[PDB]
Number of protein chains: 2
Amino acid sequence: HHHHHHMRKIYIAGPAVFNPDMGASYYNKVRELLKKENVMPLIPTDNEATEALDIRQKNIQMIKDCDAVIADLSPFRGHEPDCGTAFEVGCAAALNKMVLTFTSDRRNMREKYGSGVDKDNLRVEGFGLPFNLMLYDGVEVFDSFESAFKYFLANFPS
Amino acid sequence: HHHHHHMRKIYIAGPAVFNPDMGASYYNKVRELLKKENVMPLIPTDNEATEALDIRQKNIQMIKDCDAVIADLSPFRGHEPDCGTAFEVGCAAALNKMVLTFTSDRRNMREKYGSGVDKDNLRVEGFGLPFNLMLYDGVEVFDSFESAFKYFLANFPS
Ligand SMILES: CCc1ccccc1CO
Ligand SMILES: CCc1ccccc1CO
């Protein structure tokens with residue numbers, strides 16, 4: 001009786017932080033969706049420090065503390081995902097965390113660039129993936145945050 | 001007598017792999033520099049598998065096996081570093097590896113974009129750093145592979 005109850009936590013990785021509203025609209029939608037399932041979002045800007053190294057450490061700790069990462073690997077400033085998000089995906093991988101990724105553009109990299117090379121003749125990966133192969137771990141690449149969250153609910157029960 | 005001798009190993013993270021020569025010129029220069037100090041480069045394309053997941057796994061293993069990562073965080077396809085490299089930096093951070101980074105462009109992000117926002121009104125970080133703050137861990141951002149390697153030699157002796 002009155003056993004400790006673990007509340008599931010998801011690290012919310014993605015470039016929404018760079019939206020004009022600092023991600024407020026995205027994070028509010030995430031908060032509402034997760035609240036209904038008693039899941040807590042771990043949001044990069046929560047209780048935000050002022051020093052870069054402190055912000056980084058807190059975010060790494062959030063990844064250490066999470067049950068899963070849902071990472072927004074949508075195009076950011078071109079066809080490539082956000083590198084901060086990519087760092088967080090790598091951190092989670094090394095820690096053997098469940099990593100779920102989504103993108104607004106699921107086309108293969110060569111489809112996105114329209115060629116096997118970019119405008120500067122740099123090679124575009126040819127592995128039938130939407131982004132750098134390091135970011136793919138065998139789990140399906142989802143279309144949306146919501147679809148990734150549905151996978152979480154099915155595969156990480158309370 | 002005849003004790004085991006550890007050979008130092010550095011994971012060579014960076015978008016050189018996307019050069020037309022698949023990084024041959026960069027990697028050859030790296031090989032020559034490291035050879036002189038009895039350091040072994042762990043190069044992403046070494047004994048390259050055909051399947052994305054196998055390539056990724058081998059690269060993660062190289063990071064697990066390394067003494068340090070030297071990561072090329074130079075602009076790739078714009079002002080942002082390569083996301084594969086960023087993933088690898090994240091992996092290394094979580095594994096408490098020595099991470100050394102360099103870039104061909106050390107200007108602050110806001111200097112690079114010329115503004116506190118990009119062309120789409122997305123926020124450019126203002127922390128006096130050349131790239132996404134997750135990629136900075138307190139170690140100096142170097143100007144070149146060689147300068148990062150000199151730091152390695154000074155701070156990771158045999
Ligand atoms: C200010 C940008 C920010 C905020 C929270 C966590 C990470 C970052 C940059 O990666
Ligand atoms: C084929 C490109 C490549 C090769 C080795 C390791 C990683 C990658 C892409 O991230």
Side-chain angles (χ1 to χ4, degrees), chain A residues 73 79-81 83 86-87 89-94 96 99 101 107-113 115-118 120-139 141, chain B residues 7-35 38-74 76-77 81-95 97 99-102 145 148-149 152:
Chain A
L73 293 180
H79 296 300
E80 308 284 315
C83 63
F87 172 100
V89 169
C91 191
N96 297 314
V99 177
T101 71
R107 294 178 297 158
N108 300 337
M109 294 192 73
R110 289 178 174 179
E111 298 180 303
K112 294 175 175 170
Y113 286 90
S115 172
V117 294
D118 68 17
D120 297 303
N121 199 30
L122 304 180
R123 296 175 50 85
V124 177
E125 294 180 28
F127 293 88
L129 291 166
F131 38 60
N132 190 296
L133 67 85
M134 299 302 293
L135 300 169
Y136 176 73
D137 78 353
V139 176
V141 180
Chain B
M7 183 174 287
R8 294 168 299 172
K9 300 177 194 63
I10 301 174
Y11 180 71
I12 312 302
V17 61
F18 308 118
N19 286 345
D21 67 354
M22 295 178 68
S25 70
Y26 179 77
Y27 296 139
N28 285 341
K29 285 172 180 180
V30 166
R31 288 185 199 274
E32 191 190 350
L33 193 72
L34 269 54
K35 179 87 175 185
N38 192 42
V39 176
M40 188 169 69
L42 303 175
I43 284 159
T45 58
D46 272 39
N47 301 103
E48 196 171 17
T50 56
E51 290 175 28
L53 291 174
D54 286 338
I55 299 169
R56 174 179 177 275
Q57 196 51 51
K58 195 171 199 310
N59 274 264
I60 292 171
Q61 194 59 56
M62 285 185 189
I63 299 167
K64 291 183 175 182
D65 294 344
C66 82
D67 295 289
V69 175
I70 295 174
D72 182 359
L73 294 179
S74 297
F76 181 66
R77 299 186 167 144
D82 164 53
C83 65
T85 305
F87 173 98
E88 290 146 12
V89 170
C91 282
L95 299 167
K97 297 289 180 175
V99 179
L100 310 175
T101 70
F102 75 95
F145 183 91
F149 184 52
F152 173 85

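Residue numbers start from 1 in every chain, and the chains themselves are labelled A, B, ... in the order their sequence lines are given, proteins ahead of strands.
Looking at residues two or more places apart in sequence or on another chain, you find a side chain to side chain contact (heavy atoms under 4.5 Å, CB included) between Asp67(B) and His6(B), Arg8(B), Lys9(B), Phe152(B), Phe156(B). Taking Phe127(A) as the reference, nothing meets the ring pair (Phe, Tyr, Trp, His ring centres under 6.0 Å) condition, with sequence neighbours excluded. Partners of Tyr11(B) by ring pair (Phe, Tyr, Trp, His ring centres under 6.0 Å), not counting sequence neighbours: none found. Residues forming a ring pair (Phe, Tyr, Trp, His ring centres under 6.0 Å) with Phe145(B) (at least two apart in sequence, or on another chain): none. Taking the side chain to side chain contact (heavy atoms under 4.5 Å, CB included) definition, one finds that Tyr136(A) meets it with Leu129(A), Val141(A), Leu53(B), sequence neighbours left out.
When side chains are defined from C-beta on, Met40(B) does not count as touching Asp65(B), because their heavy atoms never get closer than 4.5 Å. With a 4.5 Å cut-off on side-chain heavy atoms, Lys112(A) and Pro130(A) count as touching. Between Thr101(A) and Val139(A) there is no side-chain heavy-atom pair separated by less than 4.5 Å. Contact check for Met134(A) versus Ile60(B): side-chain heavy atoms found under the 4.5 Å cut-off. Residues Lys35(B) and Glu32(B) are not in side-chain contact: their nearest non-hydrogen atoms beyond the backbone lie 4.5 Å or more apart.
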Is there a side-chain contact (heavy atoms from CB on, under 4.5 Å) between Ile63(B) and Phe87(B)? Walk through the geometry before answering. CA-CA 11 Å; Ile63(B) 299 167; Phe87(B) 173 98; 5.8 Å; no

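Taking CZ of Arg107(A) as the start and NE2 of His79(A) as the end, the distance is 6.0 Å to the nearest 0.5 Å. Interatomic distance, CG of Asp72(B) versus CG of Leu100(B), reported as 13.0 Å (0.5 Å rounding). Residue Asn47(B) holds its CG atom at 5.0 Å from NZ of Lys58(B), rounded to the nearest 0.5 Å. We find the CG-CG distance between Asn59(B) and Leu133(A) to be 8.0 Å, quoted to the nearest 0.5 Å. With values rounded to the nearest 0.5 angstrom, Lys64(B) atom NZ is found 10.0 Å from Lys97(B) atom NZ.
Considering every non-hydrogen atom in both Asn132(A) and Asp82(B), the closest pair reads ND2-OD1, 3.5 Å. Between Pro20(B) and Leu122(A) the shortest heavy-atom distance is CD-CD2, 4.3 Å.
Sorted by first then second residue, the side chain to side chain donor-acceptor pair (under 3.5 Å) pairs that include residues 20-31 of chain B, not counting sequence neighbours, are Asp21(B)-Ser25(B), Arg31(B)-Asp46(B).
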